[PDB]
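This report refers to the structure that appears directly beneath it.
Residue numbers (the authors' numbering), protein chains in the order written: chain A, 1833 to 2069; chain B, 1 to 152, 170 to 317.
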């Protein structure tokens, strides 16, 4: 059944699993036409498919060409997501296929279940967790590869950089979710916190800065402060 | 006009014959049911006064043999049996009629209800769903599970309804996942109608039988089967016009007949709301939508 606070440690066991987030698959700008009607213009999107244990991110870039001449795009976007996840599982050797796929939005369950009928042993699960994976497009290097794509493309990242050399996957996932939650709540403030000290850089093969353990504790504190402030503001509390 | 004699009525019981029902008292001199219309299947059904659990009954067609009911004090039920000796049977029936110890099948001349509920139902199809080939009649009860229910345990006593599953390889063509899931026309027209049922008459016959088992025995698996077969048609964008018109008539008489007080347990809110208001066929079931809205507006 549903993944929640009570079965949280299951994410870090040795059963291969993937989170699928479809938030950034179908993205539009809304604009005025010359006649003063409103129209959308699609921009490139991405499926966010993440192994929470290894940090391996399968970023499937969704080029705007996939929407050309299609109707009901927000519905198609769920099915295109499920088609691409199914294709990814089939592309993986048997011993690398996930035993579970957790979808961050319940509207993905039927599309993914129907695309994965060939894999009756892969459990398709929803989650009670409010995971901030929608903020993936606030990571500069991920946003850059999506916006530059001229065709459909799969790009592989490790969203934890080299953190697993020093910390467990539980702690790595907590750091990731705190960073993404911050970027989702106040992107500008979050990014200022991450880059304010120009001496700490992002390696060419990394997504996040090369913080020492001590600097990560300070960064993690600044992100929690950002999140609580914005909460008091949001709710006048 | 045909007769199902009873040897006796040793236990107090409510006896159903199709949509009609009679209370019989313990050891009442009751010797059966006469004037049963030839040309239709029939169901004789039972609910003991002392155990309003286990409704049970027999589907039969009087053209297929001479049937009678006899209480079995060991198995504790009214059993249907066939009398192979035609003369012994006519002699039994003539005596019971002369002594007027039989109730008359109480059909009103104007009333096509039973025909309308059983239009496509054939004994030969019932005997394939309810497997017991040594008998020409079919036993059904409240607790019998369907082949589909047994997958998700005794195969001998199962209802072998056609398995319908919207999230199955049977229902979904590789590379038409979204199309086949949102428009079930492929599944209805090629897999079910051409492939398994052969024609719409056999499909409607199973639908009608599932409804009647749901209504008369409160058989939950039958209720699931009836809803699935409705939903498969309503979820198909492409259905022959004759099938839609007939479906509207079938469902109209089923909704008309359902006891007002059982609407809550025999009608699936989600399926009916989807079928009448969201589905491709939302505007194709005029008679059914009018009777549902006037009789069960709560459900909707």
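Built from N, CA and C at the ideal position, the CB exists for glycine as well.
Apply the 10 Å Cβ neighbour rule to residue i and answer buried if 16 or more other Cβ atoms are within range, or exposed otherwise.
i: residue 2024 of chain A; result: exposed
i: residue 1997 of chain A; result: exposed
i: residue 2013 of chain A; result: buried
i: residue 73 of chain B; result: exposed
i: residue 317 of chain B; result: exposed
i: residue 8 of chain B; result: exposed
i: residue 1857 of chain A; result: buried
i: residue 1862 of chain A; result: exposed
i: residue 47 of chain B; result: buried
i: residue 1903 of chain A; result: exposed
i: residue 298 of chain B; result: buried
i: residue 87 of chain B; result: exposed
i: residue 1867 of chain A; result: exposed
i: residue 11 of chain B; result: buried
i: residue 1877 of chain A; result: buried
i: residue 294 of chain B; result: exposed
i: residue 279 of chain B; result: exposed
If distances are taken between C-alpha atoms only, which option among the options comes closest to residue i?
i: residue 307 of chain B; options: B:229, B:266 and B:21; result: B:266
i: residue 1932 of chain A; options: A:2019, A:2049 and A:1847; result: A:1847
i: residue 244 of chain B; options: B:289, B:214 and B:217; result: B:289
i: residue 112 of chain B; options: B:299, B:181 and B:39; result: B:39
i: residue 149 of chain B; options: B:137, B:14, B:182 and B:293; result: B:182
i: residue 263 of chain B; options: B:141, B:117, B:252 and B:199; result: B:117
i: residue 2070 of chain A; options: A:1878, A:1879 and A:1860; result: No answer is possible for residue 2070 of chain A: it lies beyond the span of chain A, which begins at 1833 and ends at 2069.
i: residue 211 of chain B; options: B:174, B:229, B:184 and B:257; result: B:257
i: residue 1920 of chain A; options: A:1900, A:1902, A:1974 and A:1883; result: A:1883
i: residue 270 of chain B; options: B:225, B:281, B:49 and B:104; result: B:225
i: residue 142 of chain B; options: B:56, B:187, B:229 and B:134; result: B:56
i: residue 275 of chain B; options: B:248, B:292 and B:240; result: B:240
i: residue 1989 of chain A; options: A:1955, A:1974 and A:1945; result: A:1974
i: residue 194 of chain B; options: A:1915, A:1955, A:1963 and A:2032; result: A:1915
Mind checking which residues open and close the beta strand (DSSP E) that includes residue i?
i: residue 14 of chain B; result: 13 to 17
i: residue 5 of chain B; result: 2 to 5
i: residue 34 of chain B; result: 32 to 36
i: residue 260 of chain B; result: Careful: residue 260 of chain B lies outside any beta strand (DSSP E), inside the alpha helix (DSSP H) at 258 to 274.
i: residue 1856 of chain A; result: From DSSP, residue 1856 of chain A is part of no beta strand (DSSP E); its letter is neither H nor E.
i: residue 1988 of chain A; result: 1985 to 1990
Could you check what DSSP says for residue i in three-state terms: helix, strand or coil?
i: residue 142 of chain B; result: coil
i: residue 1978 of chain A; result: helix
i: residue 284 of chain B; result: coil
i: residue 102 of chain B; result: coil
i: residue 93 of chain B; result: helix
i: residue 193 of chain B; result: coil
i: residue 208 of chain B; result: helix
i: residue 201 of chain B; result: coil
i: residue 174 of chain B; result: helix
i: residue 2066 of chain A; result: helix
i: residue 1932 of chain A; result: strand
i: residue 183 of chain B; result: coil
i: residue 1861 of chain A; result: strand
i: residue 1843 of chain A; result: helix
i: residue 44 of chain B; result: strand
Which residues bound the alpha helix (DSSP H) around residue i?
i: residue 21 of chain B; result: Not the alpha helix (DSSP H): residue 21 of chain B falls in the beta strand (DSSP E), residues 20 to 24.
i: residue 244 of chain B; result: 237 to 251
i: residue 147 of chain B; result: 147 to 151
i: residue 222 of chain B; result: 217 to 234
i: residue 128 of chain B; result: 123 to 129
i: residue 117 of chain B; result: 113 to 118
i: residue 255 of chain B; result: Element bounds for residue 255 of chain B: n/a, residue is neither H nor E.
i: residue 312 of chain B; result: 303 to 312
Just to make sure I have the definition right: I need the residues of chain E whose C-beta is within less than 8 Å of the C-beta of residue i. Which are they?
i: residue 184 of chain B; result: Given the protein chain composition of this structure (A and B), no chain E is represented.
Would the C-beta of residue i count as close to the ligand ATP, meaning under 8 Å from any of its heavy atoms?
i: residue 2046 of chain A; result: Absent from the structure shown: the ligand ATP. Ligands present: none.
> Fully enclosed by the region 1872 to 1928 of chain A, which alpha helix (DSSP H) runs are 4 residues long or longer?
Replying inline: 1905 to 1923
>> If we require 3 or more residues per run, which beta strand (DSSP E) segments fall completely within the region 49 to 87 of chain B?
In response: 56 to 60, 67 to 72 and 77 to 82
>> Could you tell me which whole alpha helix (DSSP H) segments of length 4 or greater appear in the region 1994 to 2059 of chain A?
In response: 2001 to 2017 and 2019 to 2027
>> Please give the ranges of any alpha helix (DSSP H) in the region 1936 to 1975 of chain A, keeping only runs that are unbroken, at least 4 residues long and fully inside the region.
In response: 1941 to 1947
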